[PDB]
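[1] Sequence, then structure. It's an experimental one.
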2 protein chains.
Amino acid sequence: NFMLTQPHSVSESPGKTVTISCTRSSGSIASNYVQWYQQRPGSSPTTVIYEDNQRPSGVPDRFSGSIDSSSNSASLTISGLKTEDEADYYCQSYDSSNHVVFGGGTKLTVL
Amino acid sequence: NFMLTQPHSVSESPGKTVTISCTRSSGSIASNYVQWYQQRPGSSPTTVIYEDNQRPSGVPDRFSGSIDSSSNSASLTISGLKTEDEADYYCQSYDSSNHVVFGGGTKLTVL
């Protein structure tokens, strides 16, 4: 089993690009699919990325997911930052028993 | 695919028992495992229940999960309510493609 650590908080200006990453302590980041959730206060977690890099329908292409197995991490990239992008972001994967593992979340502040 | 609806908000007195449920629109609630997350502000979602009714280690036995296929719903029960139980609660399951489905969340208020 393992854990996924992300920075608790990032901030960038509108129009800019920002990266948030998730490091896996254990085993390898590629062994299991990593998902990315956007969450606003009072709101449920929303899929921005599934299966490492897939954007569900309706999620802007400013959001991309990457896996770098050399650092054992997943990254969420937001290019062309909007103010509406300000929220919490959570990576999430699964362990060998299909138990869900969440990161700590990263508060994105838009300057 | 499907959705999971929960009440947005419940409130009960300390010492009391409270139930929060999750109804599946689609297919049957038993076809996929339902999980329950507790979440506090600024905090990541924490497993209180996995696999319908399993409590991970360290989660008090005041928390139980049930599946009632007759109403196509999962329920989270908290008996002996504490004030520390005040938080948001999310059910979560999977669709046929293993995509994650979250409920809307239920804010538990402890009176």
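    Received it, and whenever you're ready, just let me know what you need. Numbering: from 1, shown residues only, chains lettered A, B, ... in the order given.
[2] what are the bridge partners for residue A:78, then?
    For residue A:78, the beta-bridge partners are residue A:18, residue A:63 (DSSP bridges).
[3] Surely it and residue A:14 touch.
    No. Contact criterion C-beta atoms under 8 Å: residue A:78 and residue A:14 do not qualify, at 10.9 Å. Yep, even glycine has a C-beta here, placed from its N, CA and C like the rest.
[4] count of residues packed around residue A:23?
    18 (other C-beta atoms under 10 Å in any protein chain shown).
[5] now swap in residue A:58 and tell me
    Number of residues near residue A:58 (other C-beta under 10 Å) recorded here: 7.
[6] which SS state does it fall under?
    When classified by DSSP: H, G, I helix; E, B strand; the rest coil, residue A:58 comes out as coil.
[7] Kindly provide the distance from residue A:83 to residue A:6.
    21 Å (C-beta to C-beta, to the nearest Å).
[8] I misspoke; the intended subject was residue A:103.
    According to C-beta to C-beta, residue A:103 stands 4 Å off from residue A:6.
[9] picking up where we left off before, neighbour count winner among residue A:78 and residue A:14?
    Using other C-beta under 10 Å, the more surrounded residue of residue A:78 and residue A:14 is residue A:78, with 23 against 13.
[10] if we can go back for a sec, of residue A:83 and residue A:6, which one has the most company?
    residue A:6 (24 against 9).
[11] Just give the nearest non-adjacent residue to residue A:92, would you?
    The spatial neighbour of residue A:92 that comes closest, neighbours along the chain excluded (C-beta to C-beta, 6 or more residues apart in numbering or on different chains), is residue A:35 at 4.6 Å.
[12] List the residues that contact the one you found.
    Contact analysis of residue A:35 by C-beta atoms under 8 Å, 6 or more residues apart in numbering or on different chains lists A:47, A:49-51, A:91-93, B:100.
[13] try it again with 7 Å
    Going by C-beta atoms under 7 Å, 6 or more residues apart in numbering or on different chains, residue A:35 touches A:47, A:49-50, A:92, B:100.
[14] residues bridging contact with residue A:103 and residue A:6, i.e. touching both?
    Common contacts of residue A:103 and residue A:6 (C-beta under 7 Å, 6+ apart): A:22, A:91.
[15] Next to chain B in this structure, residues from chain A, please.
    A:35, A:44-45, A:47, A:50, A:90, A:99-100, A:102-105 (C-beta under 7 Å from any C-beta of the partner chain).
[16] can you rerun that using 6 Å?
    Contacts of chain A with chain B, taken as C-beta under 6 Å from any C-beta of the partner chain, map to A:44-45, A:102, A:104-105.
[17] Now flag whichever of these is closest to residue B:26.
    Comparing these against residue B:26 with C-beta to C-beta places residue A:44 closest, at 17.1 Å.
[18] mind checking the SS state of that closest one?
    Following three-state DSSP, we place residue A:44 in the coil state.
[19] Tally up the residues packed near it, please.
    Neighbours around residue A:44, by other C-beta under 10 Å: 19.
[20] you'd agree it is up against residue B:105?
    Yes. Applying C-beta atoms under 6 Å, one finds residue A:44 in contact with residue B:105, separated by 5.0 Å.
[21] tally of neighbours for residue A:82?
    Applying other C-beta under 10 Å, we find 12 other residues in the vicinity of residue A:82.
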